[PDB]
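Here you get one chain, nothing else, as structure tokens; it is the form deposited in one PDB entry.
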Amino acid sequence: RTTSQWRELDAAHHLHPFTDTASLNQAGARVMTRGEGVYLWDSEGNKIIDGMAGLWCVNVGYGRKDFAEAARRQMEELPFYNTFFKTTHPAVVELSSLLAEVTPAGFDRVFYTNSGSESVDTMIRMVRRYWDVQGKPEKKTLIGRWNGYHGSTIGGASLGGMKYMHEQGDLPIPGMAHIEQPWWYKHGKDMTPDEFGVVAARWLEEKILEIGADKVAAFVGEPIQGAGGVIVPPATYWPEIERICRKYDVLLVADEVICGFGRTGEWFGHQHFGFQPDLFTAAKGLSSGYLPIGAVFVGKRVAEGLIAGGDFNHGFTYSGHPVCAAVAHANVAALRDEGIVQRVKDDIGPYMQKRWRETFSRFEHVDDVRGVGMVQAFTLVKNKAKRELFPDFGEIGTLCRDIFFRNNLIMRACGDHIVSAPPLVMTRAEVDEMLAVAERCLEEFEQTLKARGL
């Protein structure tokens, strides 16, 4: 089948996530056919550097033949059985045991789902059920942040702070509130990042008192905001958020769907930033994207509460799916046993962060060069001196994104932020290869900008 034929059928039959279907079909979709290591190939034979690891998720890289064997094997002995009928199976039990070993102490119990979005919905129902069991039926409001992302279920879309999502579905649903994000470049004023972190955290206390603590169930946040543009909060932020949650008896929830499983060099983002959530949600890197699986890790306090509540009338047919569990188990064992997470912390992470800042810090319209471990970013700005952003935030980002895409480099544009999260197994030489291409693209971007009078 040819490229044109694949594009024709896709256009005729397939509706994509977060896309303008009419526009995509007119332009024709790029057809990705093969993956190896940190590279992809499309139907036209182009070799491509995947600086986004699929979608923040292919942490061990492409080409894991042993994962495929594990999946083949499980699918042959027991492709599926449910966990609804007072029933279980070996794959899900073994995964549960292994996860308990790589997660912080006090996270022994896990609830499985198919996606990060379902994980978030599960977490929402869990935190509300918890307060009901505690004898506090009014404590039901969850607080998230503007520009935070927590998936695409009705629940996750509501808890998320993307107005372009809220506007489709009559969202958010009741019992959801939002505070501003800890984006220093925009909101920092004449504060240092550290003093801004305290101020941005205290926005949470302001909202809790506005609503009434007796009505607030939880605060939920990504340790680093992903889809929002890799917004890295100041070091003072999460400790203050935690102090506030504790003061007002509000549950603290980390959404680890992106930061989870080695992304920051720690196993989980909350470990890097030094707070202790009562639950956290996961997916993506849990299986390195090799098969769909998500999870909610429930701390002991919330677990006991749920357990005391009897029946928990929640779950999905494919919860604990044997094949996905078998692959996830192989992935997590690899991340640990092959020293992949440790390598991010000790070796490739520090190297990436150094080289990232050496590469982009010299560009006239790049600023806020940032990142940790193997997630990094910067922002395209009109004038660094005034911290002035381009109008129509996102239009310039698209231009630069298309230049990357044309040059067979995948880095994503989130508004005018450029972000990257490559496979964790990326070599130092691969890191340098990617940056050399990225640098060339920014030079092309800089000239294209000046040449358009922008």
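Numbers for residues come from their place in the sequence shown, where the first is 1. Between two forms, the rigid core is the largest collection of C-alphas that superpose within 1.5 Å.
Trainee: Taking the other PDB entries of this protein that cover both neighbours, check whether residue 167 lacks coordinates in at least a third of them.
Mentor: Counting only entries that model residues on both sides, residue 167 is unresolved in at least a third of them.
Trainee: How about residue 423: is it missing in a third or more of the other compared entries?
Mentor: Comparison shows residue 423 kept in all of the other entries.
Trainee: Which is higher in the entry, the mean Cα B factor of 185-193 or that of 248-256?
Mentor: On average, C-alpha B-factors are higher across 185-193.
Trainee: Which is higher on average in the deposited entry, the C-alpha temperature factors of 167-175 or of 311-319?
Mentor: Taking the mean B-factor of the alpha carbons in each, 311-319 is higher.
Trainee: Which listed residue, 271, 96, 287, 236, has the largest C-alpha temperature factor in the record?
Mentor: That would be 96, according to the entry.
Trainee: Pick out which of 148, 262, 106, 229 has the highest C-alpha B-factor in the PDB entry.
Mentor: Each of 148, 262, 106, 229 was compared by C-alpha B-factor; the highest is 106.
Trainee: Where does residue 28 sit by CA temperature factor within its chain: lowest, middle or highest third?
Mentor: Residue 28: CA B-factor falls in the highest third of its chain.
Trainee: Can you work out whether the C-alpha temperature factor of residue 278 puts it in the lowest, middle or highest third of the chain?
Mentor: Tercile = lowest for this residue's CA B-factor.
Trainee: Looking at the C-alpha B-factor of residue 414, is it in the lowest, middle or highest third of its chain?
Mentor: Its C-alpha B-factor belongs to the middle third of this chain's values.
Trainee: If you rank every modelled residue in this chain by C-alpha B factor, which third holds residue 81: lowest, middle or highest?
Mentor: For residue 81, whose C-alpha B-factor we compare with every modelled residue in the chain, the answer is the highest third.
Trainee: Splitting the chain's C-alpha B-factors into thirds, which one does residue 382 fall into?
Mentor: Answer is highest: the recorded C-alpha B-factor places it there.
Heads up, the form deposited in another entry isn't pictured, but that's what we're talking about next.
Trainee: Pick out the one residue among 134, 82, 383, 342 whose C-alpha shifts by 2 Å or more between this form and the one not shown, once the rigid core is superposed.
Mentor: Among the listed residues, the outlier is 82.
Trainee: Superposed on the rigid core, does the Cα of residue 319 end up 2 angstroms or more away between this form and the one not shown?
Mentor: Yes, the C-alpha moves 2 Å or more.
Trainee: Rigid core fitted, is the C-alpha displacement of residue 166 between this form and the one not shown 2 Å or more?
Mentor: Yes.
Trainee: Any chance the CA of residue 44 moves 2 angstroms or more between this form and the one not shown, core superposed?
Mentor: Moves: yes, 2 Å or greater.
Trainee: Work out the direction of the Cα-Cα change for residue 83 and residue 293 in the other form: closer or farther than in this form? It's 3 angstroms or more.
Mentor: Compared with the form shown here, the C-alpha atoms of residue 83 and residue 293 sit farther apart in the other form, by 3 Å or more.
Trainee: Considering a change of 3 Å or more, are the Cα atoms of residue 156 and residue 317 closer or farther in the other form than here?
Mentor: Compared with the form shown here, the C-alpha atoms of residue 156 and residue 317 sit farther apart in the other form, by 3 Å or more.
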